[PDB]
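Student: So here's model-v8.txt (compact mmCIF, N, CA, C and O atoms and all ligand atoms).
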# COMPACT_ATOMS: atom_id res chain seq x y z
N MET A 98 -8.82 25.97 42.78
CA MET A 98 -7.40 25.79 43.20
C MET A 98 -7.17 24.33 43.57
O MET A 98 -7.32 23.94 44.73
N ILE A 99 -6.81 23.52 42.58
CA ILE A 99 -6.55 22.11 42.82
C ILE A 99 -7.74 21.46 43.51
O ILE A 99 -7.85 21.49 44.74
N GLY A 100 -8.63 20.87 42.72
CA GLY A 100 -9.82 20.21 43.28
C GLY A 100 -10.95 20.19 42.26
O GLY A 100 -11.20 19.17 41.62
N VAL A 101 -11.64 21.32 42.12
CA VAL A 101 -12.74 21.43 41.17
C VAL A 101 -12.24 21.26 39.74
O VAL A 101 -13.00 20.89 38.85
N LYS A 102 -10.95 21.53 39.54
CA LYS A 102 -10.36 21.41 38.21
C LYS A 102 -10.56 20.00 37.66
O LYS A 102 -11.36 19.79 36.75
N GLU A 103 -9.82 19.04 38.21
CA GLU A 103 -9.92 17.66 37.77
C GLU A 103 -11.35 17.15 37.93
O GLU A 103 -11.74 16.16 37.30
N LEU A 104 -12.12 17.81 38.78
CA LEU A 104 -13.50 17.42 39.01
C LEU A 104 -14.35 17.66 37.76
O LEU A 104 -15.01 16.75 37.27
N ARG A 105 -14.31 18.89 37.26
CA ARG A 105 -15.07 19.23 36.07
C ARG A 105 -14.55 18.47 34.86
O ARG A 105 -15.27 18.28 33.87
N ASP A 106 -13.30 18.03 34.93
CA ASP A 106 -12.69 17.28 33.84
C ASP A 106 -13.37 15.92 33.67
O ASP A 106 -13.70 15.51 32.56
N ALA A 107 -13.58 15.23 34.79
CA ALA A 107 -14.23 13.93 34.76
C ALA A 107 -15.68 14.07 34.28
O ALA A 107 -16.18 13.21 33.56
N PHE A 108 -16.33 15.15 34.69
CA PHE A 108 -17.71 15.39 34.30
C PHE A 108 -17.82 15.47 32.77
O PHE A 108 -18.71 14.88 32.17
N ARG A 109 -16.91 16.22 32.16
CA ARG A 109 -16.92 16.37 30.71
C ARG A 109 -16.74 15.02 30.03
O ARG A 109 -17.41 14.72 29.04
N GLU A 110 -15.83 14.21 30.56
CA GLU A 110 -15.57 12.89 29.99
C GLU A 110 -16.88 12.17 29.69
O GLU A 110 -17.17 11.86 28.53
N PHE A 111 -17.66 11.90 30.73
CA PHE A 111 -18.93 11.21 30.57
C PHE A 111 -19.87 12.02 29.69
O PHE A 111 -20.50 11.49 28.78
N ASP A 112 -19.96 13.32 29.96
CA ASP A 112 -20.83 14.20 29.19
C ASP A 112 -20.14 14.64 27.90
O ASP A 112 -20.08 15.83 27.60
N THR A 113 -19.62 13.68 27.15
CA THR A 113 -18.94 13.98 25.90
C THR A 113 -19.91 14.59 24.89
O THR A 113 -19.60 15.57 24.22
N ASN A 114 -21.10 13.99 24.79
CA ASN A 114 -22.10 14.47 23.85
C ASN A 114 -22.49 15.91 24.17
O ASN A 114 -22.64 16.74 23.28
N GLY A 115 -22.64 16.20 25.46
CA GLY A 115 -23.00 17.54 25.89
C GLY A 115 -24.23 17.52 26.79
O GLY A 115 -24.35 16.67 27.67
N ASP A 116 -25.14 18.46 26.57
CA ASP A 116 -26.36 18.54 27.37
C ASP A 116 -26.03 19.02 28.79
O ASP A 116 -26.90 19.54 29.49
N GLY A 117 -24.78 18.83 29.19
CA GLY A 117 -24.35 19.25 30.52
C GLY A 117 -24.89 18.29 31.59
O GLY A 117 -24.87 18.60 32.78
N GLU A 118 -25.36 17.13 31.15
CA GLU A 118 -25.90 16.14 32.07
C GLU A 118 -25.68 14.73 31.53
O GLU A 118 -25.48 14.54 30.33
N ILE A 119 -25.73 13.74 32.42
CA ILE A 119 -25.53 12.35 32.01
C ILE A 119 -26.84 11.57 32.13
O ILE A 119 -27.47 11.55 33.19
N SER A 120 -27.24 10.93 31.03
CA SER A 120 -28.48 10.16 31.02
C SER A 120 -28.18 8.68 31.23
O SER A 120 -27.07 8.30 31.61
N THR A 121 -29.18 7.84 30.98
CA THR A 121 -29.02 6.40 31.13
C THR A 121 -28.22 5.82 29.97
O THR A 121 -27.43 4.89 30.15
N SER A 122 -28.44 6.37 28.78
CA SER A 122 -27.73 5.90 27.59
C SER A 122 -26.33 6.51 27.53
O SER A 122 -25.46 6.02 26.81
N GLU A 123 -26.12 7.58 28.29
CA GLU A 123 -24.82 8.24 28.32
C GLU A 123 -23.83 7.44 29.18
O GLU A 123 -22.90 6.83 28.66
N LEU A 124 -24.05 7.46 30.49
CA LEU A 124 -23.17 6.74 31.41
C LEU A 124 -22.94 5.32 30.92
O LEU A 124 -21.87 4.74 31.13
N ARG A 125 -23.95 4.75 30.27
CA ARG A 125 -23.85 3.39 29.76
C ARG A 125 -22.73 3.29 28.73
O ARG A 125 -21.95 2.34 28.74
N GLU A 126 -22.66 4.27 27.84
CA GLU A 126 -21.64 4.28 26.80
C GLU A 126 -20.25 4.36 27.43
O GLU A 126 -19.26 3.91 26.84
N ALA A 127 -20.18 4.93 28.62
CA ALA A 127 -18.90 5.07 29.32
C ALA A 127 -18.56 3.80 30.08
O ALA A 127 -17.39 3.45 30.24
N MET A 128 -19.59 3.11 30.55
CA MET A 128 -19.39 1.87 31.30
C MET A 128 -18.64 0.85 30.46
O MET A 128 -17.77 0.14 30.96
N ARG A 129 -18.98 0.78 29.17
CA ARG A 129 -18.33 -0.15 28.27
C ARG A 129 -16.83 0.12 28.22
O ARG A 129 -16.02 -0.81 28.26
N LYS A 130 -16.47 1.39 28.12
CA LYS A 130 -15.06 1.77 28.07
C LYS A 130 -14.37 1.47 29.39
O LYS A 130 -13.24 0.99 29.42
N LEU A 131 -15.06 1.76 30.49
CA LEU A 131 -14.51 1.53 31.82
C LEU A 131 -14.23 0.05 32.03
O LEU A 131 -13.19 -0.33 32.57
N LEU A 132 -15.17 -0.79 31.61
CA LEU A 132 -15.02 -2.23 31.77
C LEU A 132 -14.20 -2.82 30.63
O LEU A 132 -13.28 -3.61 30.86
N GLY A 133 -14.52 -2.42 29.40
CA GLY A 133 -13.80 -2.92 28.23
C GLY A 133 -14.73 -3.00 27.02
O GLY A 133 -14.93 -2.02 26.32
N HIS A 134 -15.28 -4.19 26.79
CA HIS A 134 -16.18 -4.39 25.66
C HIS A 134 -17.16 -5.53 25.95
O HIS A 134 -16.76 -6.63 26.31
N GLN A 135 -18.45 -5.25 25.78
CA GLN A 135 -19.48 -6.25 26.02
C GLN A 135 -20.56 -6.18 24.95
O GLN A 135 -21.32 -5.22 24.88
N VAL A 136 -20.62 -7.22 24.11
CA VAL A 136 -21.60 -7.27 23.04
C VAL A 136 -23.01 -7.37 23.61
O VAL A 136 -23.93 -6.69 23.16
N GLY A 137 -23.18 -8.24 24.61
CA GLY A 137 -24.49 -8.43 25.23
C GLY A 137 -24.41 -8.17 26.73
O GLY A 137 -23.89 -7.14 27.17
N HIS A 138 -24.94 -9.10 27.51
CA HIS A 138 -24.93 -8.96 28.97
C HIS A 138 -25.37 -7.57 29.38
O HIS A 138 -24.55 -6.66 29.55
N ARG A 139 -26.68 -7.39 29.54
CA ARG A 139 -27.22 -6.09 29.94
C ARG A 139 -27.56 -6.08 31.42
O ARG A 139 -28.28 -6.95 31.91
N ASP A 140 -27.04 -5.09 32.14
CA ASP A 140 -27.30 -4.98 33.57
C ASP A 140 -26.98 -3.57 34.06
O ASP A 140 -26.88 -3.32 35.26
N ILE A 141 -26.81 -2.64 33.12
CA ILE A 141 -26.51 -1.26 33.47
C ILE A 141 -27.71 -0.59 34.12
O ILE A 141 -27.55 0.34 34.91
N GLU A 142 -28.90 -1.08 33.80
CA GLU A 142 -30.12 -0.52 34.37
C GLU A 142 -30.02 -0.44 35.89
O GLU A 142 -30.80 0.25 36.54
N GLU A 143 -29.04 -1.16 36.45
CA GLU A 143 -28.85 -1.16 37.89
C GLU A 143 -27.87 -0.06 38.30
O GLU A 143 -28.04 0.58 39.34
N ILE A 144 -26.84 0.14 37.48
CA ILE A 144 -25.84 1.16 37.78
C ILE A 144 -26.47 2.55 37.77
O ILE A 144 -26.20 3.37 38.65
N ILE A 145 -27.30 2.81 36.77
CA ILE A 145 -27.96 4.11 36.65
C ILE A 145 -28.73 4.43 37.92
O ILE A 145 -28.78 5.59 38.35
N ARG A 146 -29.32 3.41 38.53
CA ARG A 146 -30.10 3.61 39.75
C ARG A 146 -29.19 4.04 40.89
O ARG A 146 -29.56 4.88 41.71
N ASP A 147 -27.99 3.46 40.95
CA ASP A 147 -27.04 3.80 42.00
C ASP A 147 -26.64 5.27 41.91
O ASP A 147 -26.50 5.95 42.93
N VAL A 148 -26.46 5.75 40.69
CA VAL A 148 -26.10 7.15 40.47
C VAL A 148 -27.33 8.05 40.58
O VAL A 148 -27.28 9.12 41.17
N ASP A 149 -28.43 7.60 39.98
CA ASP A 149 -29.67 8.38 40.00
C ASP A 149 -30.37 8.24 41.35
O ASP A 149 -31.52 7.83 41.42
N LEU A 150 -29.65 8.59 42.42
CA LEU A 150 -30.22 8.51 43.76
C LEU A 150 -30.93 9.81 44.12
O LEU A 150 -31.27 10.04 45.28
N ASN A 151 -31.13 10.66 43.12
CA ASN A 151 -31.80 11.94 43.34
C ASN A 151 -33.25 11.87 42.88
O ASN A 151 -34.06 12.74 43.22
N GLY A 152 -33.58 10.85 42.10
CA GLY A 152 -34.93 10.68 41.59
C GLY A 152 -35.17 11.57 40.37
O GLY A 152 -36.20 11.47 39.71
N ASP A 153 -34.21 12.44 40.08
CA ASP A 153 -34.32 13.34 38.94
C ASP A 153 -34.23 12.56 37.63
O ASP A 153 -34.75 12.99 36.60
N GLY A 154 -33.56 11.41 37.68
CA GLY A 154 -33.41 10.57 36.49
C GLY A 154 -32.17 10.98 35.70
O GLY A 154 -31.88 10.42 34.64
N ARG A 155 -31.44 11.97 36.21
CA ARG A 155 -30.23 12.44 35.55
C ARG A 155 -29.17 12.82 36.57
O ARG A 155 -29.44 12.89 37.77
N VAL A 156 -27.96 13.08 36.09
CA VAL A 156 -26.86 13.45 36.97
C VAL A 156 -26.30 14.81 36.58
O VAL A 156 -25.87 15.02 35.45
N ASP A 157 -26.31 15.75 37.53
CA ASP A 157 -25.80 17.09 37.28
C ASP A 157 -24.36 17.22 37.79
O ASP A 157 -23.67 16.22 37.99
N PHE A 158 -23.93 18.46 37.99
CA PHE A 158 -22.57 18.71 38.47
C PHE A 158 -22.45 18.38 39.95
O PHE A 158 -21.48 17.75 40.37
N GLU A 159 -23.43 18.80 40.73
CA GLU A 159 -23.42 18.55 42.16
C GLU A 159 -23.57 17.06 42.46
O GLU A 159 -22.84 16.50 43.27
N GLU A 160 -24.52 16.42 41.78
CA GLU A 160 -24.77 15.00 41.97
C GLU A 160 -23.53 14.19 41.59
O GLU A 160 -23.24 13.16 42.21
N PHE A 161 -22.82 14.65 40.57
CA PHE A 161 -21.62 13.96 40.12
C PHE A 161 -20.59 13.87 41.24
O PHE A 161 -20.00 12.81 41.47
N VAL A 162 -20.39 14.98 41.95
CA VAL A 162 -19.43 15.01 43.04
C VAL A 162 -19.86 14.06 44.16
O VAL A 162 -19.04 13.29 44.67
N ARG A 163 -21.13 14.11 44.52
CA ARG A 163 -21.65 13.25 45.57
C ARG A 163 -21.46 11.78 45.21
O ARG A 163 -21.15 10.95 46.06
N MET A 164 -21.64 11.47 43.93
CA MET A 164 -21.48 10.10 43.46
C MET A 164 -20.06 9.61 43.71
O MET A 164 -19.85 8.47 44.14
N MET A 165 -19.09 10.47 43.44
CA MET A 165 -17.69 10.12 43.65
C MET A 165 -17.41 9.92 45.14
O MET A 165 -16.62 9.06 45.52
N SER A 166 -18.06 10.72 45.98
CA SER A 166 -17.88 10.62 47.42
C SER A 166 -18.52 9.35 47.96
O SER A 166 -19.51 8.86 47.42
N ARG A 167 -17.94 8.81 49.03
CA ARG A 167 -18.46 7.59 49.63
C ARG A 167 -19.76 7.87 50.38
O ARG A 167 -20.77 7.28 50.02
CA CA A 201 -24.97 14.10 27.92
CA CA A 202 -29.95 11.67 40.32
Would you mind writing the structure in this file as structure tokens?

Tutor:
Amino acid sequence: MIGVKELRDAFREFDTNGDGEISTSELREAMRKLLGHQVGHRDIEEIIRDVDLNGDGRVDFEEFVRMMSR
């Protein structure tokens, strides 16, 4: 009821390929769109760490929500 709806929507966005989870090469593909376009300049290896604060190496549904939260 207004909440989890738009929540699961954002999850699908990143998880366009599927798998039901976001990997390092996944979120990365989304970072380009979020920022714009970058031929080189590699530094995403740092962003993945910020999200992968679970040590699992991936982002699930629950972790996704926590990531959005401060
Ligand atoms: Ca995926
Ligand atoms: Ca994680």

Student: Just the number, please: distance in Å from CA of residue 100 in chain A to CA of residue 122 in chain A, one decimal.

Tutor: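 These two atoms are separated by 27.8 Å.
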
Student: Here is a test: counting only C-alpha atoms, which residue of A:118, A:103, A:110, A:123 is nearest to residue 153 in chain A?

Tutor: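 Comparing A:118, A:103, A:110, A:123 against residue 153 in chain A, the winner is A:118.
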
Student: If we count all atoms listed in the file and set the cut-off at 7 Å, which residues sit around range 157-165 of chain A, ignoring sequence neighbours fewer than 6 positions away in its own chain? Please answer as a PyMOL selection string.

Tutor: chain A and resi 117-119+147-148

Student: Would you mind listing the residues within 6 Å of ligand CA 202 (chain A), counting all atoms listed in the file, as a list in words?

Tutor: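 Residues lying within 6 Å of ligand CA 202 (chain A): residues 148, 149, 150, 151, 152, 153, 154, 155 and 156 of chain A.
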
Student: Could you jot down the CA of residue 101 in chain A to atom N of residue 116 in chain A separation for me, Å, one decimal place?

Tutor: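 Computing it gives 19.4 Å between the two atoms.
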
Student: Which residue out of A:124, A:131, A:99, A:104 has the minimum interatomic distance to ligand CA 201 (chain A) when only C-alpha atoms and all ligand atoms are used?

Tutor: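 Using only C-alpha atoms and all ligand atoms, the shortest distance to ligand CA 201 (chain A) belongs to A:124.
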
Student: Kindly give the distance, in Å, that separates atom N of residue 98 in chain A and CA of residue 130 in chain A, rounded to a single decimal.

Tutor: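 Computing the Euclidean distance for atom N of residue 98 in chain A and CA of residue 130 in chain A yields 29.0 Å.
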
Student: Quick one: pick out all alpha helix (DSSP H) residues within range 115-164 of chain A from a backbone DSSP run and write them as number ranges by chain.

Tutor: A: 121-132, 141-148, 158-164

Student: Between A:115, A:107, A:146, A:127, which one has atoms that come closest to ligand CA 201 (chain A), using all atoms listed in the file?

Tutor: A:115

Student: My list of candidates is A:106, A:126, A:112, A:143. Which is closest to ligand CA 201 (chain A) when distances are computed with only N, CA, C and O atoms and all ligand atoms?

Tutor: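 That would be A:112, the residue with the smallest distance to ligand CA 201 (chain A).
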
Student: For range 115-124 of chain A, what centre and edge lengths in Å (one decimal) does the axis-aligned box get once 5 Å is added on each side of all its listed atoms, as AutoDock Vina command-line options?

Tutor:
--center_x -25.5 --center_y 12.1 --center_z 29.3 --size_x 17.3 --size_y 24.8 --size_z 17.7

Student: Give me the residues within 12 Å of residue 140 in chain A as a list in words, counting only C-alpha atoms and dropping any in the same chain fewer than 2 places off.

Tutor: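 What passes the distance filter is residues 121, 125, 128, 129, 135, 137, 138, 142, 143, 144, 145 and 146 of chain A.
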